[PDB]
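Student: My file is query03.cif. It has mmCIF, N, CA and C atoms:
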data_structure
#
loop_
_atom_site.label_atom_id
_atom_site.label_comp_id
_atom_site.auth_asym_id
_atom_site.auth_seq_id
_atom_site.Cartn_x
_atom_site.Cartn_y
_atom_site.Cartn_z
N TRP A 8 -14.29 19.66 -6.47
CA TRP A 8 -14.34 18.21 -6.83
C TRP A 8 -13.40 17.44 -5.91
N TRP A 9 -13.91 17.01 -4.76
CA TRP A 9 -13.09 16.27 -3.80
C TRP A 9 -13.46 14.79 -3.74
N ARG A 10 -12.52 13.93 -4.12
CA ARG A 10 -12.73 12.49 -4.09
C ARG A 10 -12.32 12.01 -2.71
N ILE A 11 -13.23 11.32 -2.02
CA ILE A 11 -12.94 10.82 -0.69
C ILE A 11 -13.21 9.32 -0.66
N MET A 12 -12.19 8.51 -0.37
CA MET A 12 -12.42 7.07 -0.29
C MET A 12 -12.69 6.69 1.16
N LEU A 13 -13.74 5.91 1.38
CA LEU A 13 -14.10 5.46 2.72
C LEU A 13 -14.03 3.93 2.77
N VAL A 14 -13.26 3.38 3.70
CA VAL A 14 -13.10 1.93 3.84
C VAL A 14 -13.63 1.50 5.22
N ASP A 15 -14.65 0.66 5.24
CA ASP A 15 -15.23 0.21 6.52
C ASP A 15 -15.90 -1.14 6.30
N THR A 16 -15.84 -2.02 7.30
CA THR A 16 -16.43 -3.34 7.18
C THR A 16 -17.95 -3.35 7.39
N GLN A 17 -18.50 -2.22 7.81
CA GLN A 17 -19.95 -2.11 7.99
C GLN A 17 -20.42 -0.77 7.46
N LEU A 18 -20.26 -0.60 6.15
CA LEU A 18 -20.66 0.62 5.45
C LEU A 18 -22.11 1.02 5.69
N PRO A 19 -23.03 0.04 5.79
CA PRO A 19 -24.43 0.38 6.03
C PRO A 19 -24.62 1.24 7.27
N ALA A 20 -23.80 1.00 8.29
CA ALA A 20 -23.88 1.76 9.53
C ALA A 20 -23.48 3.22 9.33
N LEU A 21 -22.74 3.50 8.26
CA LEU A 21 -22.30 4.86 7.98
C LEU A 21 -23.14 5.54 6.91
N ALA A 22 -24.08 4.80 6.34
CA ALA A 22 -24.96 5.31 5.29
C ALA A 22 -25.45 6.73 5.58
N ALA A 23 -25.89 6.96 6.81
CA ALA A 23 -26.39 8.27 7.22
C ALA A 23 -25.34 9.36 7.05
N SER A 24 -24.15 9.12 7.60
CA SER A 24 -23.05 10.07 7.52
C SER A 24 -22.58 10.28 6.08
N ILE A 25 -22.48 9.19 5.33
CA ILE A 25 -22.04 9.26 3.95
C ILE A 25 -22.98 10.12 3.10
N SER A 26 -24.28 9.97 3.31
CA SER A 26 -25.26 10.75 2.55
C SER A 26 -25.09 12.24 2.81
N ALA A 27 -24.81 12.59 4.06
CA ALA A 27 -24.63 13.99 4.44
C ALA A 27 -23.40 14.62 3.79
N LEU A 28 -22.37 13.82 3.56
CA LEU A 28 -21.14 14.30 2.94
C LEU A 28 -21.33 14.56 1.45
N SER A 29 -22.13 13.73 0.80
CA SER A 29 -22.39 13.89 -0.62
C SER A 29 -22.98 15.27 -0.79
N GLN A 30 -23.94 15.58 0.07
CA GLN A 30 -24.62 16.86 0.06
C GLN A 30 -23.61 17.99 0.24
N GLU A 31 -22.55 17.69 0.99
CA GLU A 31 -21.49 18.65 1.27
C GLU A 31 -20.63 18.89 0.03
N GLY A 32 -20.76 18.02 -0.96
CA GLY A 32 -19.99 18.17 -2.18
C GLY A 32 -18.86 17.17 -2.34
N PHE A 33 -18.80 16.19 -1.44
CA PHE A 33 -17.75 15.18 -1.51
C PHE A 33 -18.20 14.02 -2.40
N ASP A 34 -17.27 13.52 -3.21
CA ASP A 34 -17.53 12.39 -4.09
C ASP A 34 -17.03 11.18 -3.31
N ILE A 35 -17.95 10.45 -2.69
CA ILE A 35 -17.57 9.30 -1.86
C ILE A 35 -17.39 7.97 -2.59
N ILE A 36 -16.20 7.40 -2.43
CA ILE A 36 -15.85 6.13 -3.02
C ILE A 36 -15.88 5.16 -1.84
N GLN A 37 -16.78 4.18 -1.88
CA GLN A 37 -16.93 3.23 -0.78
C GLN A 37 -16.32 1.85 -0.98
N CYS A 38 -15.48 1.43 -0.04
CA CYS A 38 -14.85 0.12 -0.09
C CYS A 38 -15.19 -0.64 1.19
N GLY A 39 -15.54 -1.92 1.04
CA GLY A 39 -15.91 -2.74 2.18
C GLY A 39 -14.77 -3.38 2.94
N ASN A 40 -13.57 -3.38 2.36
CA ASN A 40 -12.41 -3.96 3.02
C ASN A 40 -11.10 -3.46 2.40
N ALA A 41 -10.00 -3.76 3.07
CA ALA A 41 -8.68 -3.33 2.62
C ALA A 41 -8.23 -3.96 1.31
N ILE A 42 -8.69 -5.17 1.04
CA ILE A 42 -8.34 -5.88 -0.18
C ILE A 42 -8.68 -5.11 -1.45
N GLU A 43 -9.88 -4.55 -1.54
CA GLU A 43 -10.25 -3.79 -2.73
C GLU A 43 -9.79 -2.34 -2.64
N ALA A 44 -9.68 -1.83 -1.41
CA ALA A 44 -9.27 -0.44 -1.18
C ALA A 44 -7.96 0.00 -1.83
N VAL A 45 -6.92 -0.82 -1.71
CA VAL A 45 -5.62 -0.45 -2.28
C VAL A 45 -5.64 -0.25 -3.80
N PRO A 46 -6.05 -1.27 -4.57
CA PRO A 46 -6.09 -1.10 -6.03
C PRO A 46 -7.03 0.04 -6.43
N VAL A 47 -8.15 0.16 -5.72
CA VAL A 47 -9.10 1.23 -6.02
C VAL A 47 -8.45 2.59 -5.77
N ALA A 48 -7.70 2.71 -4.68
CA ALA A 48 -7.04 3.98 -4.38
C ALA A 48 -6.04 4.35 -5.46
N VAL A 49 -5.26 3.36 -5.89
CA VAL A 49 -4.25 3.59 -6.92
C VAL A 49 -4.85 4.08 -8.23
N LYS A 50 -6.04 3.60 -8.59
CA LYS A 50 -6.64 4.03 -9.84
C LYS A 50 -7.62 5.20 -9.76
N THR A 51 -8.15 5.48 -8.57
CA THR A 51 -9.10 6.58 -8.43
C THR A 51 -8.47 7.82 -7.81
N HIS A 52 -7.27 7.67 -7.25
CA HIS A 52 -6.55 8.80 -6.68
C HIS A 52 -7.40 9.69 -5.76
N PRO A 53 -7.97 9.12 -4.68
CA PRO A 53 -8.78 9.97 -3.79
C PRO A 53 -7.90 11.07 -3.19
N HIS A 54 -8.50 12.21 -2.86
CA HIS A 54 -7.75 13.31 -2.26
C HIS A 54 -7.47 13.00 -0.79
N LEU A 55 -8.33 12.17 -0.20
CA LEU A 55 -8.19 11.80 1.19
C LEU A 55 -8.84 10.44 1.42
N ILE A 56 -8.30 9.67 2.35
CA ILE A 56 -8.81 8.34 2.63
C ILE A 56 -9.23 8.23 4.08
N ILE A 57 -10.38 7.61 4.31
CA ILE A 57 -10.89 7.42 5.67
C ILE A 57 -11.03 5.91 5.83
N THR A 58 -10.37 5.33 6.82
CA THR A 58 -10.47 3.89 7.00
C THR A 58 -10.75 3.48 8.43
N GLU A 59 -11.49 2.38 8.57
CA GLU A 59 -11.79 1.83 9.88
C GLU A 59 -10.42 1.36 10.38
N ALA A 60 -10.13 1.55 11.66
CA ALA A 60 -8.84 1.15 12.21
C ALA A 60 -8.73 -0.35 12.40
N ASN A 61 -9.71 -0.94 13.06
CA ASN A 61 -9.69 -2.37 13.32
C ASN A 61 -10.61 -3.17 12.40
N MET A 62 -10.03 -3.76 11.36
CA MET A 62 -10.77 -4.58 10.41
C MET A 62 -10.15 -5.99 10.44
N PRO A 63 -10.99 -7.03 10.36
CA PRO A 63 -10.46 -8.40 10.38
C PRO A 63 -9.60 -8.69 9.16
N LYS A 64 -8.61 -9.57 9.33
CA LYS A 64 -7.70 -9.96 8.26
C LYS A 64 -6.72 -8.82 7.96
N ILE A 65 -7.22 -7.75 7.35
CA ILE A 65 -6.38 -6.60 7.02
C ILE A 65 -6.89 -5.36 7.76
N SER A 66 -6.05 -4.81 8.62
CA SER A 66 -6.42 -3.65 9.43
C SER A 66 -6.19 -2.31 8.74
N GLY A 67 -6.65 -1.25 9.39
CA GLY A 67 -6.47 0.09 8.86
C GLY A 67 -4.99 0.42 8.82
N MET A 68 -4.24 -0.10 9.80
CA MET A 68 -2.79 0.14 9.83
C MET A 68 -2.11 -0.60 8.68
N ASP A 69 -2.65 -1.77 8.32
CA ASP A 69 -2.10 -2.55 7.21
C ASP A 69 -2.35 -1.80 5.92
N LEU A 70 -3.54 -1.23 5.80
CA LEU A 70 -3.91 -0.46 4.62
C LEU A 70 -3.00 0.76 4.53
N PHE A 71 -2.82 1.45 5.66
CA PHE A 71 -1.97 2.62 5.70
C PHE A 71 -0.57 2.27 5.16
N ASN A 72 -0.01 1.17 5.65
CA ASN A 72 1.32 0.75 5.21
C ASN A 72 1.36 0.38 3.73
N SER A 73 0.31 -0.29 3.26
CA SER A 73 0.26 -0.68 1.85
C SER A 73 0.21 0.54 0.93
N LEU A 74 -0.53 1.56 1.35
CA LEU A 74 -0.64 2.79 0.57
C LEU A 74 0.71 3.49 0.48
N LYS A 75 1.53 3.33 1.52
CA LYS A 75 2.84 3.97 1.55
C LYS A 75 3.81 3.32 0.58
N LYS A 76 3.47 2.13 0.09
CA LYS A 76 4.34 1.41 -0.83
C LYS A 76 4.22 1.82 -2.30
N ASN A 77 3.17 2.57 -2.63
CA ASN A 77 2.97 3.01 -4.01
C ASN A 77 3.12 4.53 -4.09
N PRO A 78 4.04 5.02 -4.94
CA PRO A 78 4.26 6.46 -5.09
C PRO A 78 2.99 7.24 -5.43
N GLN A 79 2.03 6.59 -6.06
CA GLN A 79 0.79 7.27 -6.42
C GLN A 79 -0.06 7.61 -5.19
N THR A 80 0.00 6.75 -4.18
CA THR A 80 -0.81 6.93 -2.98
C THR A 80 -0.08 7.22 -1.67
N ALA A 81 1.25 7.17 -1.70
CA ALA A 81 2.07 7.37 -0.50
C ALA A 81 1.91 8.68 0.25
N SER A 82 1.44 9.73 -0.44
CA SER A 82 1.26 11.02 0.21
C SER A 82 -0.19 11.39 0.47
N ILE A 83 -1.13 10.54 0.08
CA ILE A 83 -2.55 10.84 0.32
C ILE A 83 -2.81 10.79 1.82
N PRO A 84 -3.47 11.82 2.38
CA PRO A 84 -3.73 11.78 3.82
C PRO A 84 -4.74 10.71 4.20
N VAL A 85 -4.54 10.10 5.37
CA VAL A 85 -5.44 9.04 5.83
C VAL A 85 -5.97 9.34 7.22
N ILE A 86 -7.29 9.30 7.37
CA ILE A 86 -7.94 9.54 8.65
C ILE A 86 -8.41 8.19 9.18
N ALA A 87 -8.17 7.92 10.46
CA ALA A 87 -8.61 6.66 11.05
C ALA A 87 -9.92 6.85 11.79
N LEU A 88 -10.80 5.87 11.65
CA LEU A 88 -12.10 5.86 12.31
C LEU A 88 -12.06 4.62 13.20
N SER A 89 -12.34 4.77 14.49
CA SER A 89 -12.28 3.60 15.35
C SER A 89 -13.41 3.51 16.35
N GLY A 90 -13.93 2.29 16.50
CA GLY A 90 -15.00 2.05 17.44
C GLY A 90 -14.46 1.75 18.83
N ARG A 91 -13.14 1.74 18.97
CA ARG A 91 -12.51 1.48 20.26
C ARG A 91 -12.04 2.82 20.82
N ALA A 92 -11.16 3.48 20.08
CA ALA A 92 -10.67 4.78 20.48
C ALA A 92 -10.10 4.92 21.89
N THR A 93 -9.24 3.99 22.28
CA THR A 93 -8.59 4.10 23.58
C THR A 93 -7.56 5.22 23.35
N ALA A 94 -7.05 5.81 24.43
CA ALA A 94 -6.06 6.87 24.30
C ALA A 94 -4.81 6.29 23.64
N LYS A 95 -4.48 5.05 24.01
CA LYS A 95 -3.31 4.39 23.46
C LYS A 95 -3.47 4.12 21.97
N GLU A 96 -4.67 3.75 21.53
CA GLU A 96 -4.87 3.48 20.11
C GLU A 96 -4.77 4.78 19.33
N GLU A 97 -5.42 5.82 19.85
CA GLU A 97 -5.39 7.13 19.19
C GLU A 97 -3.94 7.57 19.02
N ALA A 98 -3.17 7.52 20.11
CA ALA A 98 -1.76 7.92 20.04
C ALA A 98 -0.96 7.07 19.07
N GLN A 99 -1.18 5.75 19.07
CA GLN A 99 -0.44 4.88 18.15
C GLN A 99 -0.70 5.23 16.68
N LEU A 100 -1.97 5.42 16.32
CA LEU A 100 -2.30 5.74 14.94
C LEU A 100 -1.75 7.11 14.53
N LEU A 101 -1.93 8.10 15.39
CA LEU A 101 -1.39 9.43 15.08
C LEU A 101 0.14 9.37 14.97
N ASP A 102 0.78 8.62 15.87
CA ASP A 102 2.25 8.52 15.85
C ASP A 102 2.77 7.90 14.56
N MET A 103 1.98 6.98 14.01
CA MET A 103 2.26 6.26 12.76
C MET A 103 2.21 7.15 11.53
N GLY A 104 1.39 8.20 11.59
CA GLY A 104 1.27 9.09 10.45
C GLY A 104 -0.15 9.34 9.99
N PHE A 105 -1.13 8.71 10.63
CA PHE A 105 -2.52 8.97 10.26
C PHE A 105 -2.70 10.47 10.47
N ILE A 106 -3.32 11.14 9.50
CA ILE A 106 -3.48 12.59 9.61
C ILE A 106 -4.48 13.03 10.68
N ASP A 107 -5.42 12.15 11.02
CA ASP A 107 -6.39 12.45 12.07
C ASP A 107 -6.98 11.14 12.59
N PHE A 108 -7.69 11.22 13.71
CA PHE A 108 -8.31 10.05 14.33
C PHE A 108 -9.68 10.47 14.84
N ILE A 109 -10.71 9.72 14.45
CA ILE A 109 -12.07 10.04 14.86
C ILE A 109 -12.74 8.83 15.49
N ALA A 110 -13.25 9.01 16.71
CA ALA A 110 -13.92 7.93 17.41
C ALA A 110 -15.36 7.75 16.96
N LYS A 111 -15.76 6.50 16.74
CA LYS A 111 -17.13 6.19 16.37
C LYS A 111 -17.93 6.27 17.67
N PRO A 112 -19.26 6.43 17.58
CA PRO A 112 -20.04 6.53 16.35
C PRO A 112 -19.71 7.83 15.62
N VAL A 113 -19.84 7.79 14.30
CA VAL A 113 -19.54 8.93 13.46
C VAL A 113 -20.66 9.96 13.42
N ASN A 114 -20.28 11.22 13.54
CA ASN A 114 -21.22 12.32 13.48
C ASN A 114 -20.89 13.08 12.19
N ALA A 115 -21.86 13.14 11.28
CA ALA A 115 -21.67 13.81 10.00
C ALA A 115 -21.13 15.24 10.08
N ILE A 116 -21.57 16.02 11.06
CA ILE A 116 -21.10 17.40 11.20
C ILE A 116 -19.62 17.42 11.58
N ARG A 117 -19.25 16.54 12.50
CA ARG A 117 -17.87 16.43 12.97
C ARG A 117 -16.97 15.89 11.86
N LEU A 118 -17.43 14.84 11.19
CA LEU A 118 -16.65 14.23 10.11
C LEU A 118 -16.40 15.21 8.97
N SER A 119 -17.44 15.94 8.57
CA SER A 119 -17.32 16.91 7.50
C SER A 119 -16.26 17.96 7.81
N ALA A 120 -16.33 18.55 9.00
CA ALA A 120 -15.37 19.57 9.40
C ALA A 120 -13.94 19.02 9.47
N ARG A 121 -13.80 17.78 9.94
CA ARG A 121 -12.49 17.13 10.07
C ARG A 121 -11.85 16.91 8.69
N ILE A 122 -12.67 16.49 7.74
CA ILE A 122 -12.21 16.27 6.37
C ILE A 122 -11.76 17.61 5.78
N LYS A 123 -12.62 18.62 5.89
CA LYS A 123 -12.31 19.94 5.36
C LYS A 123 -11.06 20.56 5.95
N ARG A 124 -10.86 20.40 7.26
CA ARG A 124 -9.69 20.98 7.88
C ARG A 124 -8.41 20.42 7.27
N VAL A 125 -8.38 19.10 7.08
CA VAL A 125 -7.23 18.43 6.51
C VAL A 125 -7.02 18.84 5.06
N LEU A 126 -8.11 18.93 4.31
CA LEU A 126 -8.02 19.32 2.91
C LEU A 126 -7.50 20.76 2.80
N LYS A 127 -7.97 21.64 3.68
CA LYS A 127 -7.53 23.03 3.63
C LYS A 127 -6.04 23.13 3.93
N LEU A 128 -5.58 22.33 4.88
CA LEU A 128 -4.17 22.32 5.28
C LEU A 128 -3.22 21.75 4.23
N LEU A 129 -3.62 20.65 3.60
CA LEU A 129 -2.77 19.99 2.62
C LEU A 129 -2.90 20.43 1.16
N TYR A 130 -4.06 20.93 0.77
CA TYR A 130 -4.25 21.37 -0.60
C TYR A 130 -4.39 22.88 -0.74
#
Turn this file's structure into structure tokens for me.
Tutor:
Amino acid sequence: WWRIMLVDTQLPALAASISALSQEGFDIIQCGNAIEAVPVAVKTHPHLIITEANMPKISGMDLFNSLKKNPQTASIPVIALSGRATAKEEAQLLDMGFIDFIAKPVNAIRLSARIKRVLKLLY
């Protein structure tokens, strides 16, 4: 029973990947922006969080920092998904504490394995 929260401003584009994960046994909690993501994370306690890195208004880094402010969510691992994925962006997010970084477009096989590796390591 693995709860996985996914935060992205264009969830429809990930519909394909998300469907494949459900089949994998992941319980996907979908959020369209950082505003709803924080309160939802605090009450649903996902085992892992996947967030788009560059979101308007509130970014993935902003979400990461907000999650660190609540003891309930401060230790939940966070994976960044980015449509830019410059070497500098990847390094900055990893240096910040993101548990992993995945460049879009998202590949369900790659995403699934990345999620599992982190879950195996932390749980």
Student: If the PyMOL selection byres ((chain A and resi 15) around 5) were run on this exact file, what residues would it hold? Put them as a ChimeraX atom specification.
Tutor: /A:13-14,16-18,38-39,59
Student: My list of candidates is A:9, A:79, A:117, A:105. Which is closest to residue 32 of chain A when distances are computed with only N, CA and C atoms?
Tutor: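 Smallest separation from residue 32 of chain A among the options: A:9.
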Student: Counting only N, CA and C atoms, what is within 7 Å of segment 61-78 of chain A, bar same-chain residues fewer than 5 positions away, as a list in words?
Tutor: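 So the residues in contact are residues 16, 41, 42, 45, 88, 89 and 90 of chain A.
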Student: Distance atom CA of residue 96 of chain A-atom C of residue 56 of chain A, one decimal place?
Tutor: 17.3 Å
Student: Using the chain letters and numbers from this document, which residues of segment 50-106 of chain A does DSSP assign to strand (DSSP E or B), as a ChimeraX atom specification?
Tutor: /A:55-59,85-89
